[PDB]
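Each chain, letter by letter, is given below.
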Amino acid sequence: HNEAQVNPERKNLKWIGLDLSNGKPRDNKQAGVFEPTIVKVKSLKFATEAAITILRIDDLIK
Amino acid sequence: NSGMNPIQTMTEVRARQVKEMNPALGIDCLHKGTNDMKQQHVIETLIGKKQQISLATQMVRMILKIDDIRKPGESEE
Amino acid sequence: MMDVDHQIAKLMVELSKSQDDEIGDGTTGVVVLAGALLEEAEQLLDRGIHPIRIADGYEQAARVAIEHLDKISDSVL
Amino acid sequence: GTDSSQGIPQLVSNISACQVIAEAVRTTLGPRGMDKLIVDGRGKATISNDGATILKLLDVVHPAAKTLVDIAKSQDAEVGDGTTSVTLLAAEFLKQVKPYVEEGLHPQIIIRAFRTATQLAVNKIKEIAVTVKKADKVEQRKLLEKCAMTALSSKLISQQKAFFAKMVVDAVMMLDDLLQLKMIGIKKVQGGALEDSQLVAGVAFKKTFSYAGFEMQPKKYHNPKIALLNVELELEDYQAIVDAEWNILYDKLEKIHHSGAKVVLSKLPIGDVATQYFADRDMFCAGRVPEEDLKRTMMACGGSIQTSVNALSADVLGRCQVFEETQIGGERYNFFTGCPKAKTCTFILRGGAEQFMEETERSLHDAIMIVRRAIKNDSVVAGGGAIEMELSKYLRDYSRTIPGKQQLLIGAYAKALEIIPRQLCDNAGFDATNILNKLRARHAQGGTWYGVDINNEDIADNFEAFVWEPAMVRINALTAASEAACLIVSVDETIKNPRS
Amino acid sequence: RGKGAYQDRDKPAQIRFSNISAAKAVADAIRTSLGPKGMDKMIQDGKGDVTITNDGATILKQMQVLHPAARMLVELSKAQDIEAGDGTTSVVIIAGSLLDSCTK
Amino acid sequence: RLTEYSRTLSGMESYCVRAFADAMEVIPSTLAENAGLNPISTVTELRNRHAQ
Amino acid sequence: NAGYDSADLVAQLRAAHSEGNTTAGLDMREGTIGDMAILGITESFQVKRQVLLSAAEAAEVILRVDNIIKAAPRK
Amino acid sequence: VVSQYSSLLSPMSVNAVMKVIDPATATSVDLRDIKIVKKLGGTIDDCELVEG
Amino acid sequence: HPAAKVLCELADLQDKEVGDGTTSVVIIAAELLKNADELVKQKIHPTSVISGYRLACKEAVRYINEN
Ligand SMILES: Nc1ncnc2c1ncn2[C@@H]1O[C@H](COP(=O)(O)OP(=O)(O)O)[C@@H](O)[C@H]1O
Ligand SMILES: Nc1ncnc2c1ncn2[C@@H]1O[C@H](COP(=O)(O)OP(=O)(O)O)[C@@H](O)[C@H]1O
Ligand SMILES: Nc1ncnc2c1ncn2[C@@H]1O[C@H](COP(=O)(O)OP(=O)(O)O)[C@@H](O)[C@H]1O
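Residues numbered from 1 in each chain as written, not as in the entry; some residues may be left out. Chains lettered and ligands numbered in written order. Part of a larger assembly, values for the part shown. Heavy atoms only, no water.

For this deposited structure, the header cites cryo-EM as the method used and 3.7 Å as the resolution.

### Structural notes on the interface of chain B and chain E
By a widely used convention, the size of an interface equals the accessible area lost when the partners come together. This is how the line gets drawn: In what follows, a contact means two residues having at least one pair of non-hydrogen atoms within 4.5 Å. Buried area: the accessible surface (1.4 Å probe) lost by two parts on joining, summed over both. Salt bridges are defined as contacts in which a side-chain nitrogen from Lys or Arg sits within 4 Å of a carboxyl oxygen from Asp or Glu. Throughout this description, a polar contact denotes any pair of N or O atoms lying within 3.5 Å of each other; where both atoms belong to protein, one of them has to be capable of donating a hydrogen while the other can accept it, and for residues adjacent in sequence the pair is counted only when both atoms sit in side chains.
The partner chain E presents four residues to the four residues of chain B that form the contact. On the chain B side of the contact with chain E, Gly3(B), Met4(B) and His31(B) bury the most area, a combined 79% of that side's loss. In this structure, the connection of chain B to chain E is made through zero salt bridges. There are zero residue pairs in polar contact connecting chain B and chain E.

### Looking at the arrangement of the chains
By contact count, the leading pair among the 19 pairs of chains in contact is chains B and C. Here chain D and chain E are not in contact; the least distance found between their C-alpha atoms is 17 Å. Separated without contact, chain D and chain H have their nearest C-alpha atoms at a distance of 24 Å.

### Concerning the interface of chain C and chain B
The line we're drawing: Here a strand is any run of E in DSSP of at least two residues, a helix any run of H or I of at least four, and the numbering for each starts at the N terminus. Charged residues are taken to be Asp, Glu, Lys and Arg, nonpolar residues to be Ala, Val, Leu, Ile, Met, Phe, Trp, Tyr, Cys and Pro, and polar residues to be all remaining types, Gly included.
Contacts between chain C and chain B engage 30 residues on the former and 22 residues on the latter. Taken over both partners, the interface formed by chain C and chain B buries close to 2,400 Å², and the fraction arising from carbon and sulfur atoms is 78%. For the pair chain C and chain B, the interface holds one salt bridge. Between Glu59(C) and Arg61(B) there is a salt bridge, with its nearest N and O atoms 2.4 Å apart. Those elements that place two or more of their residues in the side of chain C that touches chain B are α1 (7-22), α2 (27-46) and α3 (51-71) of chain C. Here the residues of the side of chain C that touches chain B are counted per class, giving 20 nonpolar, five polar and five charged.

### What to know about the pattern of salt bridges
For clarity, the cut-off: Three labels apply to residues, based on accessible area from a 1.4 Å probe with only protein chains included: buried if under 20% of the type maximum, exposed if over 50%, partly exposed otherwise in between.
Per the counting criterion, the structure on display carries 36 salt bridges over all chains. Ionic pairing is found between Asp30(H) and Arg32(H), a salt bridge with its closest N-O pair at 3.3 Å. Given the relative accessible area of 72%, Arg32(H) is considered exposed. Ionic contacts of the salt-bridge type, sharing partners, join the residues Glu12(B), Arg16(B) and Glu20(B) into one network.

### Considerations on the side chain of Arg373(D)
For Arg373(D), the location among the structural elements is in helix α11 (residues 357-376). When residues no more than four places from it in sequence are discounted, the contact partners of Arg373(D) are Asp81(D), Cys147(D), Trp468(D), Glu469(D) and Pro470(D).

### Thoughts on the nonpolar core
Residues and elements named next belong to chain D. Selection criterion: Side-chain atoms within 4.5 Å link the members of a nonpolar core, which is a set of buried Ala, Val, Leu, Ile, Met, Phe, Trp, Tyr and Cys residues.
Counting residues in each nonpolar core, the largest one holds 84 residues, and the members touching the most others are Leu89, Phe93, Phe114, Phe347, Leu395, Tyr413 and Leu478. Looking at this core, the element that brings in the most residues is helix α5 (residues 107-128), giving eleven residues. Sequence-distant contacts of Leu395, that is, excluding residues within four places in its chain, are made with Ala117, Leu120, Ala121, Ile410, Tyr413 and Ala414. Counting 26 residues, the second-largest nonpolar core is a separate cluster that includes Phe214, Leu229, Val263 and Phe323.

### Observations concerning the site of ligand 2
Residues and elements named next belong to chain E. Condition: A cutoff of 4 Å decides nearness: a residue is near a molecule or strand if any of its heavy atoms lies inside that distance of it. The Shrake-Rupley method, run with a 1.4 Å probe, gives the accessible areas here. Residue values count only the displayed protein chains as cover.
Taken together, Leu34, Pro36, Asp55, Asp86, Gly87, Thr88 and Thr89 make up all the residues around ligand 2. Between ligand 2 and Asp86 there is a distance of 2.7 Å, counted from an oxygen atom to a side-chain nitrogen or oxygen. In this structure, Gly87 approaches ligand 2 through a main-chain N or O atom, which is 2.4 Å from an oxygen atom. Out of a free accessible area of 570 Å², ligand 2 has 47% covered by protein chains. The residue makeup of the shell around ligand 2, split by class, is two nonpolar, three polar and two charged.

### Let's talk about the pairing of strand β5 (residues 226-229) of chain D
All names here are of chain D. Convention followed: Strands are treated as partners if at least two bridges between them are detected by DSSP.
Here β5 shows a buried face lined by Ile226 and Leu228 and a second buried face lined by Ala227 and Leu229. For β5 and strand β6 (residues 263-266), the ladder comprises four bridges, and the chain directions are parallel. Within the sheet, the bridge partner assigned to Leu228 lies in β6 and is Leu265. Relative to strand β8 (residues 304-306), β5 runs parallel, the two being bridged by three bridges. Its bridge partner lying in β8, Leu229 is registered against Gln306.

### Structural notes on a negative patch on the surface
We count it as follows: A residue counts toward a patch only above 30% relative accessible area and without a salt bridge, and it is joined to like-charged neighbours within 9 Å or, for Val, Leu, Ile, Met, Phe, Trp and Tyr, to nonpolar neighbours within 5 Å. Residues counted as positive are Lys and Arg, residues counted as negative are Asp and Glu, and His and the chain ends are not counted. To locate a charge, the coordinates of NZ of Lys, CZ of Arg, CG of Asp or CD of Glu are taken.
A cluster of acidic residues, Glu44(B), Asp20(C), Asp21(C), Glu22(C), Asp25(C) and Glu354(D), forms a negative patch on the protein surface. Along the chain, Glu354(D) turns up in the loop between β11 (346-349) and α11. Given a relative accessible area of 54%, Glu354(D) falls into the exposed group.

### Quick word on the packing of aromatic side chains
Stated precisely, the cut-off is as follows: Only rings of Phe, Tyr and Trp enter the pairing, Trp through its six-membered ring, and a pair is recorded when the two centres are within 6.5 Å. The plane angle decides the type: under 30 degrees is stacked, over 60 is edge-to-face, the rest tilted. Only when the NZ atom of a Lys or the CZ atom of an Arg is both within 6 Å of the ring centre and within 35 degrees of the ring normal do we say a charge sits over the ring.
Counted according to the given criterion, the structure contains eleven aromatic pairs over all chains. Between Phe463(D) and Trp468(D), the ring centres sit 5.1 Å apart and the planes meet at 75 degrees, which makes this aromatic pair edge-to-face. Look at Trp468(D) and you get buried, because its relative accessible area is 15%. Linked through ring pairs, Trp449(D), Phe463(D), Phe466(D) and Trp468(D) together constitute an aromatic cluster. Just above the ring of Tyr394(D) sits the side chain of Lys124(D); from NZ or CZ to the centre is 4.5 Å. The ring of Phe17(E) carries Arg16(E) above its face, with NZ or CZ at 5.7 Å from the centroid.

### Re the site of ligand 1
Residue and element names in this part refer to chain D. Near ligand 1 lie 15 residues; those nearest to it are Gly30, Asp81, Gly82, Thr83 and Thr84. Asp81 places a polar side-chain atom, nitrogen or oxygen, 3.0 Å from an oxygen atom of ligand 1. A distance of 2.6 Å separates an oxygen atom of ligand 1 from a polar side-chain atom of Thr84. Relative to its unbound accessible area of 570 Å², ligand 1 is 75% covered by the protein chains. A class-by-class count of the residues in the shell around ligand 1 yields five nonpolar, seven polar and three charged.

### Details of the packing of helix α1 (residues 11-30) of chain E against helix α4 (residues 88-103) of chain E
All names here are of chain E. The criterion, for reference: To get an axis, fit a line to the C-alpha atoms, keeping to the stretch in contact for a helix; angles then go from 0 to 180 degrees between the N-to-C directions. Convention used here: angles under 35 degrees read as roughly parallel, angles over 145 as roughly antiparallel, angles from 65 to 115 as roughly perpendicular, and any remaining angle as oblique. By convention, the crossing between two helices is left-handed when the near helix turns anticlockwise from the far helix through less than a right angle, and right-handed when the turn is clockwise.
At their nearest, the axes of α1 and α4 sit 9 Å apart, and the two run at 150 degrees to each other. Relative to α4, the element α1 lies roughly antiparallel. The handedness of the crossing between α1 and α4 is left-handed. Across the interface between the two elements, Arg16, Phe17, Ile20, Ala23, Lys24, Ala27 and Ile30 of α1 pack against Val92, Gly96, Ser97, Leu99, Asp100, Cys102 and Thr103 of α4. Across the contact of α1 with α4, the residue classes tally to eight nonpolar, three polar and three charged.

Written out as structure tokens, the structure reads:
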């Protein structure tokens, strides 16, 4: 994924998934393992909110 | 040490020293009734006082820059 | 002849010895002056001030005090 | 030794020992760092802002501690500029790869990654190193004076810094012969002002009670020489020892002008109360001299040594230029100057304040190190927390390029290179965290030589600030730190052999 | 003139210093949770009860402390909360700082 | 304001009022130390600006 | 309770009562003498007399006890 | 705790404030006019106003 | 432990919202907590950490909706 950004001609290198059959880097858009956008967006948002809430809690001593 | 009120004497002597510049306006420890320190025949070497100030400043500066002491703290019985 | 344990007390002891064999009188002055210097230095440290600038300001202040002492000098036979 | 078993736990123990040994010296980096006072037995606590000087007096017992101190000592012996840097850098490497050893990262992988990262860093510093030696070095020495001024920038001695820098570089340019701490020996004198301080091309010592008894010496003598004598010179079988004493006393007077010696050196006391017996000599005497004085006088023109009772040589009054003995501050001082090869420089530490000894040690010696490294080396870069940022940025950028195990290790290495500005700005006292972010932004986008300013505690393009660091010395320091880190990481277990 | 009152008795003074020290212990345990830029407190109950919040007077209700000065500081904070409803965290901090000033 | 009043309230109580002001001055210091930036700076520019 | 002088004020009030000033008392504001009638410091005659008599009676009661004997403590 | 959402919650919260008070003659605001349920779980972004 | 209760009920909230991803959100949250605790032991006041995390989340969602 470094080449995805450093190299402007390597635009179509952004979906190197994980082929769990062999555990080798692999094109995944062709492979077809897909995740809904809403799922990842809400997952990241909820993880960040949970992190903020926990980090905002320190009013004990132990 | 004596017992007089410190801060009122402090302010009064400071105001008088503002009125007239004099290293002889200070505390009347012996209760002689006058703040004219020279009139009470008190003399000390200037070298002593300058050395006092310089030594105190140097020692305080040195202590300010030291933050390392090692202790075992085993609380032996 | 104090049971000094921390090296800072020993440093104050050598301060007193240096003032004593340098002059002889005023050895109490350096100790009390350092005590008060540290008195306000510890609140300045509590405010969150690193010792370097405190030491520099203290040295400037010592120079000012020495200049005042030189200004208000008076000598006799 | 707790969980000092073969494998990773002993490596964890070594890393912890390295962290502990770093903590002691972690706070003295830089010219404005705090000093350390620790009890050392009989209470002779020593004040020393140099981290290496702290190192010689530590109590290292862990094998990791010893195998880091030895690397530090080797670096100190090779060059005196930078020993806290290498130890603290290696400690950072160790503690930033510690979160990787426990996962099962085999140490050989870390060794390979460290070596390749060190090679990348050496290439990067070589391709960025800038040579400014040709920029008016032999002539127009004002650049050297400006570089020396950094040693006392925005300090209470800045007003007097210009003249001191000019005359020390003047002394050095004819003394650019691999100087060191012992070669240039300064002396502290009380009284007077600090402005008229000078650096004689010789030595300076005081005729103490055990140094010289005779006075009004023939100062204007153009053939001085040192005469080393290993014998005393001061003032019913009792008559036998009385006669022996009289004979010895009479015999010790034959090495004054019969042997032709103007300065006599002896390790036994010279009686000032016996001056009336020393007045007949009409010649200078020196007793209880330091070994520094002995070596400086020997290298200057070379004094004679006498071994027998009446030893005599042809170098008793040989070739030395001129003798000097001038009272300074109301007290007579001895100057064994005036020699054909007087390759020494003694600073007359004129000053009312007696406690400025450490201040002048940390000002003048650092300034003369700066001028010596500027003269000897040719290529320098703007550092003071700037070049380390460049190396860290380049290594972190290169990390994402390569796939494999060593990517994460090189990333941790680059993350460890950022500690030098951290420690420098913390020792200054500023908010370390803000300095880091400011440096990183102004360095990644702005420039390649933006560094910290210790005076106003903010960033500055250190290339204009003239914060120079010799490229070769920095390369050697980084190589030593990487080698120490690799050596520690490549270790599994110690062998005890307590008794049998 | 000269000397005034000898002032021989001194123990209640140092007892009051101890009270001020307890009050500052409570105060700087409370101080942190003030303002949006601020961070919640640092106090654990001896019995083990736990609360987690940013409004000070809730923490004031957390502590089961011994010294009466701390208890009456809690009373002060809750009284201020009853009266106006804002700045309660500020009041305790001001009180502690004033107590240290009285010490000096 | 309390500091300058204590300056103009010369007496035994003047330093008491000065310490009152100094102790009360902590709330902006608390907010500033929450922000990391120098509270001493924060308050000295606050003093200067309010004086201006 | 205010840190004022004791002996000087005792002597001053002694002299004032020597001239017959049964109204000369201390003032906490200045630590000097004054007219309690003018200064407003007034006290009930009955309360003060009761205080004095009760103090004397309690002192007399206490001084009349010589020996105190303690039985076996319960703790 | 509502720092970023303070700007968000201010309009709705204030509008609910005038719902339980008279913004013309009520000299005192009753704190007992509004009750809160401690619903285990949830997110501040899910603010819900109930008039019943 | 109350922190564990908070984390697991956030996980339940995410599951009730979108379904899949409970493991991912829990793991990411724990990783963020431990990294931020290390960084706060690195003498960083936590509110700056919270602000940085929120900005990073905003940039991340904008990036995802773009790439
Ligand atoms: N004026 C200065 N500005 C920036 N950095 C400085 C300055 N003076 C010294 N340093 C830094 O201090 C480091 C070494 O200082 P120090 O640890 O005190 O002594 P040593 O060189 O013996 O280790 C150098 O790497 C140098 O970058
Ligand atoms: N957006 C803001 N910007 C700056 N300061 C604020 C802001 N919001 C609140 N404050 C400050 O926080 C302080 C305390 O308010 P608050 O914490 O709500 O009361 P309490 O301390 O009783 O809980 C106030 O003095 C106010 O100046
Ligand atoms: N065929 C696949 N290859 C690689 N990864 C997969 C595959 N199918 C699912 N995944 C991964 O599983 C993760 C989500 O699973 P998980 O969150 O455990 O489900 P649940 O939330 O129901 O427990 C996604 O991040 C996705 O990358």
